[PDB]
J.: 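The structure that follows is given in the form of structure tokens.
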Amino acid sequence: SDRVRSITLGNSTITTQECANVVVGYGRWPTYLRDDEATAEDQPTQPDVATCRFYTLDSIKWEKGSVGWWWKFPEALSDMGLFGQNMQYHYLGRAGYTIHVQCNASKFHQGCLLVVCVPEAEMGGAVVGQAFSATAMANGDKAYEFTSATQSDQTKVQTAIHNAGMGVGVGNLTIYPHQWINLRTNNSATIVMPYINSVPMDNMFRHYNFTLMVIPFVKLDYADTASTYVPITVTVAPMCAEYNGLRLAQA
Amino acid sequence: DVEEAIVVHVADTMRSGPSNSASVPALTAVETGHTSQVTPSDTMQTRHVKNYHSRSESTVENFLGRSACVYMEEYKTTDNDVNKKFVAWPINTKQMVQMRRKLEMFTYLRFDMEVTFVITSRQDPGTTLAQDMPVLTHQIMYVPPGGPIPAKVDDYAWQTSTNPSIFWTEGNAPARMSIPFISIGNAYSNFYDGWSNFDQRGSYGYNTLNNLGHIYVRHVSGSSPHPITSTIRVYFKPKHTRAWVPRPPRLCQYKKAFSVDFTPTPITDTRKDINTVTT
Amino acid sequence: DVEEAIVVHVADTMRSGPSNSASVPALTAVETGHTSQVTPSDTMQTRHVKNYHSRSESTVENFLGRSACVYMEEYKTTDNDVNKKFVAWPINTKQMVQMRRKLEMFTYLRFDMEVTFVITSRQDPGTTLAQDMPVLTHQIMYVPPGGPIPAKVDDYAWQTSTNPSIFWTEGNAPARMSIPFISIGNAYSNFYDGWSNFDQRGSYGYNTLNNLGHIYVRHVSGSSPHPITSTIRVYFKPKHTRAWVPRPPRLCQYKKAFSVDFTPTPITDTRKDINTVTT
Amino acid sequence: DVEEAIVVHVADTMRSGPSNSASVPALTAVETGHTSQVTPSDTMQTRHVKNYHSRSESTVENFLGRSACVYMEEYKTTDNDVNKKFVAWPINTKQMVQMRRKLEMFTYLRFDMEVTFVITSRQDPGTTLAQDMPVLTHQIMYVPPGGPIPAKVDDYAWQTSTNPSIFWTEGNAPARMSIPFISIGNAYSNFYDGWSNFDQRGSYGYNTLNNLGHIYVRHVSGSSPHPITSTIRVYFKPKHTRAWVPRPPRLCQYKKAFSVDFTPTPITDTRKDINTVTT
Amino acid sequence: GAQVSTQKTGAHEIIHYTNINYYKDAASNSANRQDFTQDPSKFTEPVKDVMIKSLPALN
Amino acid sequence: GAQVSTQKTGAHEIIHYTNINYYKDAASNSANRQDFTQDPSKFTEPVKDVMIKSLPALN
Amino acid sequence: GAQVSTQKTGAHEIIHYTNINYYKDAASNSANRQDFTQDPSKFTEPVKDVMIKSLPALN
Amino acid sequence: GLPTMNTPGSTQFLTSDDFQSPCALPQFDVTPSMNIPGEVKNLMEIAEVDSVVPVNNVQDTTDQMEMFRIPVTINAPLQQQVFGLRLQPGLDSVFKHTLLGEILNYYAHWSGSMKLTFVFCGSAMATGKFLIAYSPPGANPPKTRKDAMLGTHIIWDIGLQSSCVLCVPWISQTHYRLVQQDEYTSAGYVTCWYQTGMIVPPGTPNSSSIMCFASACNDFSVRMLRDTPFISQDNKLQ
Amino acid sequence: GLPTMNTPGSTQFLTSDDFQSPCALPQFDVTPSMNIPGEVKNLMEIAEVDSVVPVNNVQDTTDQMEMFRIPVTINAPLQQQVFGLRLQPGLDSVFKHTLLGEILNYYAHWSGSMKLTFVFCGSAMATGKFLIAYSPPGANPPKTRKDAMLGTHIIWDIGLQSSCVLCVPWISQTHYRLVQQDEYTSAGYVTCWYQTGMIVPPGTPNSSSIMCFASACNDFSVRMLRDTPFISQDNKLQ
Amino acid sequence: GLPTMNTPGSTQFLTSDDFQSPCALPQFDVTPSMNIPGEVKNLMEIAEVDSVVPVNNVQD
Ligand SMILES: CCCCCCCCCCCCCCCC(=O)O
Ligand SMILES: CCCCCCCCCCCCCCCC(=O)O
Ligand SMILES: CCCCCCCCCCCCCCCC(=O)O
Ligand SMILES: CCCCCCCCCCCCCC(=O)O
Ligand SMILES: CCCCCCCCCCCCCC(=O)O
Ligand SMILES: CCCCCCCCCCCCCC(=O)O
């Protein structure tokens with residue numbers, strides 16, 4: 001059967017028994033930087049198994065009135081194991097990712113989720129002009145919620161769901177690497193993202209490589225059951241990570 | 001040595017007959033992120049058709065290979081305000097909506113540039129207009145970042161020894177030139193989801209990566225007894241284009257030249273009901 | 001590799017002598033729809049003549065290969081009425097009588113096009129004309145069907161990023177360009193005996209198939225203290241022409257630009273009687 | 001016979017591992033006048049890097065191969081003062097600061113020259129400006145040292161039989177020409193630490209070796225009823241350049257056109273203390 | 001890349017001219033006004049059975 | 001030093017044009033608007049395991 | 001009489017250009033801005049005895 | 001020198017020309033190229049990707065996300081219409097702003113076939129059959145299922161496979177169609193009807209939703225670039 | 001004659017063009033060439049020569065020559081900073097006017113590694129050790145030696161060899177950096193600390209000085225010529 | 001560049017000239033050709049067809 005998948009990174013394993021295929025970025029698998037594309041001269045460090053492993057990114061509740069959530073990477077892993085330490089101590093970084101989203105429900109539930117990775121998901125403020133701090137869209141592994149109505153608070157991002165916070169039609173996000181979680185058929189989604197940027201390496205604190213979004217297109221529904229909510233969990237594993245430019249910590 | 005010698009067409013349609021089998025090309029699963037590759041030949045009887053249509057005009061090279069206005073400004077030959085006798089524009093592609101939207105369909109771009117300047121002049125209205133003035137001449141100066149900037153129409157900075165410049169006389173063909181790929185990175189970035197300072201503070205967005213320089217324009221030595229106003233238009237034309245990571249076209253109207261800010265907009269227009277099909 | 005190397009004449013006359021036989025070349029029957037192929041050699045004694053005349057100038061390529069005016073309009077640099085400062089013409093070939101009649105000798109045509117623009121300016125009369133104005137500049141914009149249309153001389157639509165345009169300065173040679181065969185069908189149709197709606201209702205005639213777009217013209221930024229009027233003339237010149245199904249030339253004068261409507265006309269002029277042969 | 005057929009890249013970085021030996025590449029002695037040739041590979045572990053950067057734009061040919069203004073002056077078509085109707089400039093490169101500093105980074109230079117002239121005209125203000133004047137024409141005359149010099153706009157000397165000249169009409173492209181290496185010595189000298197007389201007396205410095213001639217300019221025959229002022233700008237562009245003996249760039253501002261005189265200047269700017277590193 | 005072909009006769013009768021294409025679109029070429037083939041049978045003899053001029057038409 | 005290449009078809013269908021470069025910088029050349037290769041698999045088929053259209057998708 | 005030589009690389013990387021001289025004086029030619037040879041030893045290593053980087057300088 | 005004469009078109013500025021021009025930065029060394037993932041070479045590659053179609057434009061949608069879902073109910077008359085729409089990919093409000101309509105709106109002509117993919121997002125225990133039909137251009141759109149079934153159609157059975165594809169063939173009198181479609185270049189209608197009805201067991205929701213995806217086939221092509229009418233400005237941005 | 005048509009850019013004067021032009025002195029005989037010593041063919045050759053860096057800019061220097069010498073003392077706390085500076089070769093006041101900064105100020109982009117050479121000019125009987133460290137860009141410059149030693153550094157031992165070389169590697173995210181450096185293209189800091197302390201015998205001065213030399217490596221390069229902002233005039237010189 | 005001089009007739013617009021000009025729609029794909037019946041290549045073909053002559057012009 002092709003509905004079973006198993007993934008082994010480092011000292012951690014993921015098993016799914018009811019799942020769809022695996023989506024691989026833009027057809028490219030993660031890989032190390034070549035000698036003819038590098039620019040930095042000093043030797044890189046490659047922790048390997050110490051950093052390339054699955055980390056569980058806390059959990060959220062799917063209610064009948066949920067609208068959606070987003071996470072920004074690699075900020076979401078900024079304080080997670082030795083990956084966070086290497087991020088803190090190094091000037092430059094580079095790594096691909098494997099994203100696994102778990103959501104399971106009985107055969108009597110219904111609903112559909114869109115899982116999509118958006119590279120360079122620049123967002124606009126709630127009030128045209130003005131400005132917002134780096135806390136309205138990234139504060140660690142905590143998830144940020146979209147809003148059904150137009151946002152009004154000037155201190156946070158425009159969370160109107162139907163625009164995806166980017167001024168574009170929410171229905172066109174299918175162009176990015178994506179997958180669907182339809183409760184009739186599957187309970188997980190797997191995406192492998194290569195490193196995408198305009199430069200060989202970049203500082204992992206200053207720049208958000210990509211944004212993960214989970215959006216319920218068909219809202220959850222059920223009847224006459226004791227289960228009131230459907231938890232959603234996100235797991236991420238860096239791949240082929242390497243760092244450069246050791247200095248004092250913090251960033 | 002003297003002469004060296006240097007079509008695709010869309011897929012044809014194959015004849016298909018009646019079928020009765022266990023294969024089900026029509027049934028699929030979108031949950032995999034896979035777009036179905038079925039063709040009409042797989043769901044109905046079809047005749048053999050030889051197509052000669054080509055997708056020549058849909059290439060990115062042709063799509064982006066059209067000159068588009070990016071900036072216009074006015075400057076006067078003589079006036080009391082010093083700042084109003086010359087122009088000073090920080091180069092960017094976010095000023096004009098149409099070309100901005102054309103470009104922002106991709107995340108990263110790499111191309112050479114062809115720049116064309118269109119300059120026109122007109123006499124300002126007044127109570128006395130009778131004068132005789134010879135043909136005017138204009139100078140366009142390009143100052144890479146960090147270079148000296150002129151503060152007045154007759155400053156010393158206009159004596160460019162290393163900054164490229166063009167002198168153009170009215171009545172001739174518009175000025176033109178070519179520019180190579182002048183980015184420090186491996187590609188231009190239309191979007192930048194990041195900050196300037198390492199502690200996530202300061203400027204945010206594409207504004208951080210715009211360091212292309214300035215353009216200055218003046219009348220060389222024309223100073224008429226009565227004011228004359230000139231307008232310059234700048235046109236950009238990408239060449240040898242390459243693009244990566246397409247992204248959906250924008251839906252909301254633009255409101256700032258250096259920000260993504262917007263106002264929420266409906267997904268689309270409405271109709272009477274889900275069955276209405278008439279006009 | 002460097003150099004690759006790429007007359008008909010009418011039929012000659014053959015010598016013919018006296019004849020006395022059962023063959024009757026002169027007698028035929030027009031009821032068959034057949035045009036007789038007899039020659040003078042078949043009905044009288046003739047000498048041998050070697051003709052060198054050729055029908056070179058009668059080919060459709062040469063017949064239709066002449067530039068002809070198709071439209072002219074005027075627009076002013078400054079005025080109170082906004083609509084009178086620019087032109088907007090839906091492209092068609094029925095406006096001018098001579099080229100219209102030349103084209104309508106065939107039912108279907110297929111050709112490339114060469115378009116030339118002639119622009120002239122003149123100062124409007126008035127009580128005070130003393131002014132000094134630099135050379136004017138003009139823009140010609142082509143908008144394929146469905147594109148945005150400018151509503152005023154300084155609208156945003158004039159910043160073409162994809163619509164082709166030409167900027168021309170007075171005193172130079174006229175503007176010119178080439179256009180390929182841009183019909184959705186396999187050939188242009190001068191006549192269309194049909195309706196727009198499937199139940200035989202709506203628009204009737206050639207008007208249904210005219211979807212070639214529009215042409216817009218303006219002064220780029222010229223706005224003189226006193227009004228100035230400019231006139232543009234458009235000339236078309238078919239190239240690489242092919243024609244099918246010839247039809248008789250029109251007899252009645254034209255009366256509508258998008259209809260065949262006419263007034264009945266006599267077949268020809270009259271004379272005193274059937275035997276009158278003098279002047 | 002018809003066709004005859006005519007990159008460097010910076011050094012790569014080699015992989016380096018841990019070391020423990022008696023060799024000490026980092027330790028040296030500047031007292032020898034020797035600049036150390038160590039590379040990062042000699043003091044830390046490095047990866048293999050293939051550089052494709054080239055030093056193409058740093059060559060002296062490209063560094064000095066840009067047109068720079070060297071002189072501008074004004075002359076009027078009609079005036080009461082005879083000396084104010086034409087220009088007379090002794091050729092030298094010390095008038096304009098930027099190109100002067102670019103040149104004085106070397107002690108000796110040898111190159112061909114490309115000279116371009118930009119001329120513009122404007123009507124002087126006055127109580128009555130209404131006139132009609134045809135296009136003006138200008139003459140540029142070059143007089144090698146010792147030749148006759150004109151004393152007025154209509155002198156006989158302007159009938160050059162051997163002095164090269166250019167006649168230029170307004171509205172066309174700027175005038176241009178090429179000049180070979182015209183020095184009596186084997187190379188131009190920017191600096192000359194010596195005297196003119198053999199007993200160490202007289203003129204001192206570069207002024208002694210400047211014997212390049214003069215340039216004269218006039219309106220050919222234009223003499224308008226009302227004054228008109230014209231300005232000429234001269235641009236130099238070295239070609240086929242060779243340079244010897246580099247010297248440090250100047251620090252103090254220039255104060256004389258034919259002397260090295262200066263005012264003492266601080267070495268550089270100051271900061272709060274030797275440990276201050278913040279903005 | 002240069003085509004050489006004869007030019008139409010004229011008075012007093014190297015009757016050769018050279019042509020080169022500069023643009024990438026065939027629509028930019030100059031008119032091909034030197035083809036002189038023609039066939040009037042489509043309009044003069046549209047009948048099915050061949051008719052001999054010397055013979056009588058109807059029977 | 002002269003390149004000869006075919007030009008796009010047009011109505012009525014020497015379909016050859018000549019090009020020479022005059023400047024020393026490759027940025028000065030004209031647009032290369034005659035490349036027509038394309039491959040949509042990067043966006044339409046980004047999955048890992050190959051999917052056969054005739055077979056059922058999930059199992 | 002025509003020289004053919006390579007032109008500098010550019011984005012997207014016939015990289016050849018043609019040149020002909022029209023005037024009788026070599027001073028009229030265009031700039032030769034394609035020579036890239038260089039040797040800094042005249043200014044960086046003007047010493048008489050060769051110095052080995054790995055060895056100690058003075059003795 | 002060499003005699004010459006200028007022809008018409010001299011000194012003109014045509015925005016779509018191809019000419020060589022001098023370089024303003026001679027001998028500039030460009031940054032080395034790098035193979036970033038996801039290179040796009042032709043816009044049809046973008047046009048061939050699926051995107052969600054907002055079919056439910058019922059003029060009273062207080063929630064924008066409700067546009068994407070098509071309602072379905074357990075008890076309905078034996079023959080009933082689920083939805084109906086005009087096949088005008090570049091002009092109809094349904095397809096206007098999709099990932100395909102946006103690309104089409106930059107061009108004037110289009111041709112080729114289209115794919116409509118429907119996905120059932122009900123409970124795993126729900127079942128049903130639907131008839132999806134394409135009716136070529138005509139004087140009257142179908143009013144009943146009896147009429148609809150005379151055209152091209154497919155019977156969709158809901159089971160383990162959640163999706164079915166209706167491939168709209170290219171049936172036209174002309175090689176190309178206008179994006180600003182008029183009556184001359186009409187393209188037809190698409191309608192969906194109940195085939196058997198939706199049946200559910202006890203303990204399940206009584207309503208379900210469907211979604212539609214639109215994309216182009218491998219024989220799709222466009223022509224005649226033009227400016228899109230969706231974006232405009234009144235003043236220079238600052 | 002030969003038909004032709006002018007394209008945009010006719011009759012323009014571009015200051016960086018390359019065209020042939022007539023000679024005003026036909027058949028002029030130039031003076032024979034002579035091989036003068038010290039030919040320079042590329043400005044990087046000049047940039048690769050050492051020059052003294054004025055590190056001691058303490059805002060109260062009454063004597064200009066005092067700028068070039070860095071003070072050192074016999075008795076100091078166990079860990080103490082000798083000097084600190086920003087690595088902005090074309091913008092920082094320390095490197096602004098050096099032989100390398102002057103060359104850089106004519107260009108807009110730069111890349112490659114750098115050499116800093118330090119020479120001890122104390123008595124022959126004096127001795128000591130110093131730690132010289134380079135800290136790549138970050139949110140905070142080092143405040144103590146403990147922080148500094150985490151980056152690239154070298155321990156310098158003063159002996160018969162009077163000089164030591166700190167080679168600053170090229171660690172950057174982009175191939176090139178702006179000369180007018182901004183926060184996006186920061187380059188880091190350089191600091192020097194006491195490692196053991198300076199010890200002297202009886203009968204020697206209690207203070208000593210160090211000097212710094214700056215030069216470029218063999219992989220250095222520049223790009224994008226521009227006019228230098230260091231020189232200006234208000235009137236024509238006479 | 002290459003020295004040249006313009007001759008009489010420069011910048012004139014002659015309605016019967018044959019010159020190449022730039023294309024305003026680069027790389028446009030024309031519709032495939034189809035052999036419609038009844039192609040006419042020379043006007044003499046039309047002239048060689050019979051037509052009824054109105055000889056009886058008797059003014060009444
Ligand atoms: C996101 C857009 C990036 C495109 C890169 C644009 C770089 C601008 C280069 C040309 C600017 C100067 C043009 C004037 C030059 C001259 O007239 O001297
Ligand atoms: C029956 C006549 C059919 C002939 C086809 C005519 C099609 C018109 C094509 C050219 C229209 C636009 C010309 C202006 C183009 C430009 O200036 O940008
Ligand atoms: C230190 C600078 C030395 C460079 C040598 C400059 C020599 C000047 C040569 C040209 C001077 C005359 C130019 C005008 C000639 C003409 O218009 O007739
Ligand atoms: C854009 C093409 C410009 C061609 C310029 C005129 C021809 C110059 C080369 C001489 C003719 C040889 C042509 C060939 O080799 O086919
Ligand atoms: C700066 C180059 C000018 C070239 C002028 C047009 C070409 C003239 C020579 C004829 C074509 C032959 C070219 C070649 O030999 O490769
Ligand atoms: C004064 C010289 C004018 C040259 C005109 C352009 C070249 C025309 C001939 C074609 C190129 C061949 C040159 C050659 O045979 O070396």
Side-chain angles (χ1 to χ4, degrees), chain B residues 2 70 89 91-94 99-100 103-104 109-115 117 139-144 160 163-166 168 175-183 187-190 206 209-217 234 236 238, chain D residues 1-4 70 89 91-94 99-100 103-104 109-115 117 139-144 160 163-166 168 175-183 187-190 206 209-217 234 236 238, chain F residues 1, chain G residues 1-3 18 20-24, chain H residues 1-2 24-25, chain I residues 12 14-16 24-25, chain J residues 2-4:
Chain B
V2 177
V70 296
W89 175 52
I91 294 151
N92 69 327
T93 53
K94 315 270 146 191
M99 180 171 174
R100 181 176 179 174
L103 291 173
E104 301 197 323
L109 291 168
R110 177 178 174 115
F111 47 68
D112 302 319
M113 185 64 72
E114 171 154 279
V115 188
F117 293 94
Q139 177 182 3
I140 304 104
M141 185 157 102
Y142 170 55
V143 180
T160 73
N163 298 333
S165 303
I166 295 170
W168 180 81
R176 173 176 276 182
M177 74 203 77
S178 289
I179 296 275
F181 176 64
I182 60 169
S183 180
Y188 294 113
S189 56
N190 293 88
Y206 160 70
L209 281 45
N210 192 59
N211 290 318
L212 296 176
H214 293 70
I215 280 161
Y216 294 86
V217 190
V234 191
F236 281 13
Chain D
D1 184 1
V2 177
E3 293 177 350
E4 51 263 37
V70 296
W89 175 52
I91 294 151
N92 69 327
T93 53
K94 315 270 146 191
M99 180 171 174
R100 181 176 179 174
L103 291 173
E104 301 197 323
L109 291 168
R110 177 178 174 115
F111 47 68
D112 302 319
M113 185 64 72
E114 171 154 279
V115 188
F117 293 94
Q139 177 182 3
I140 304 104
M141 185 157 102
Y142 170 55
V143 180
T160 73
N163 298 333
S165 303
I166 295 170
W168 180 81
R176 173 176 276 182
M177 74 203 77
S178 289
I179 296 275
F181 176 64
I182 60 169
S183 180
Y188 294 113
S189 56
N190 293 88
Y206 160 70
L209 281 45
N210 192 59
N211 290 318
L212 296 176
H214 293 70
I215 280 161
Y216 294 86
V217 190
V234 191
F236 281 13
Chain G
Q3 294 82 17
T18 305
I20 293 174
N21 294 329
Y22 310 116
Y23 303 92
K24 317 190 189 133
Chain H
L2 179 68
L25 301 172
Chain I
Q12 86 187 351
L14 174 61
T15 56
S16 56
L25 301 172
Chain J
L2 179 68
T4 60

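One-based numbering, in listed order, for ligands and for the atoms of each. What's counted below: heavy atoms across the whole structure, side chains too, no hydrogens, waters or symmetry copies. Below, chain A is the first sequence line, B the second, and so on; all start at residue 1.
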J.: Heavy atoms under 4.0 Å from ligand 6: which residues qualify?
T.: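 Within 4.0 Å of ligand 6, protein side: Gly1(G), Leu2(J).
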J.: Between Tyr206(B), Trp168(B), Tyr188(B), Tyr216(B), flag the one that comes closest to atom 3 (C) of ligand 1 by a heavy atom.
T.: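 Among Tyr206(B), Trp168(B), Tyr188(B), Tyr216(B), the closest heavy atom to atom 3 (C) of ligand 1 belongs to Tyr188(B).
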J.: Taking all atoms of both residues into account, what is the closest heavy-atom pair of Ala24(H) and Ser16(I), and its distance?
T.: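 Scanning both residues completely, I find the closest heavy atoms to be O-OG, 3.1 Å.
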J.: What protein heavy atom sits nearest atom 18 (O) of ligand 3, and how far away is it?
T.: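 Here the nearest protein heavy atom works out to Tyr142(D) CB, 3.3 Å.
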J.: So if I count the atoms of ligand 1 from 1 in the order they appear, which ones are less than 4.0 Å from some heavy atom of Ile140(B)?
T.: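 Those of ligand 1 that fall under 4.0 Å from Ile140(B) are 17 (O).
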J.: Backbone, side chain, both or neither: what part of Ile215(D) comes under 4.0 angstrom of ligand 3, heavy atoms only?
T.: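 Under 4.0 Å from ligand 3, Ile215(D) contributes side-chain atoms alone.
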J.: Which atom pair, heavy atoms only, marks the closest approach of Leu212(D) to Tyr142(D)?
T.: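 Result for this residue pair: O-OH, 2.9 Å.
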J.: Minimum distance, heavy atoms only, to atom 16 (C) of ligand 3: which one of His214(D), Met177(D), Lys94(D) is it?
T.: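 Ranked by closest heavy atom to atom 16 (C) of ligand 3, first place is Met177(D).
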J.: How close does the nearest protein non-hydrogen atom get to atom 8 (C) of ligand 3, and which residue and atom is it?
T.: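 Checked against all protein heavy atoms, atom 8 (C) of ligand 3 sits closest to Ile91(D) CG2, 3.9 Å.
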J.: Out of all atoms in ligand 1, which are within 4.0 Å of some heavy atom of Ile182(B)? Include the element for each.
T.: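 The atoms of ligand 1 under 4.0 Å from a heavy atom of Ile182(B) are 7 (C), 9 (C).
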J.: Looking at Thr93(D), which atoms of ligand 3 are within less than 4.0 Å of one of its heavy atoms?
T.: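 Heavy-atom distances to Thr93(D) below 4.0 Å select 1 (C), 2 (C).
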J.: Give the atoms of ligand 3, by number and element, whose distance to some non-hydrogen atom of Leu212(D) is under 4.0 Å.
T.: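 Those qualifying, in numeric order: 5 (C), 6 (C), 7 (C).
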J.: Which bit of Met141(B) is near ligand 1, meaning a heavy atom under 4.0 Å away: side chain, backbone, both or neither?
T.: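 Neither part.
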J.: Does ligand 3 have a heavy atom under 4.0 Å from the side chain of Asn190(D), from its backbone, from both, or from neither?
T.: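 Neither part.
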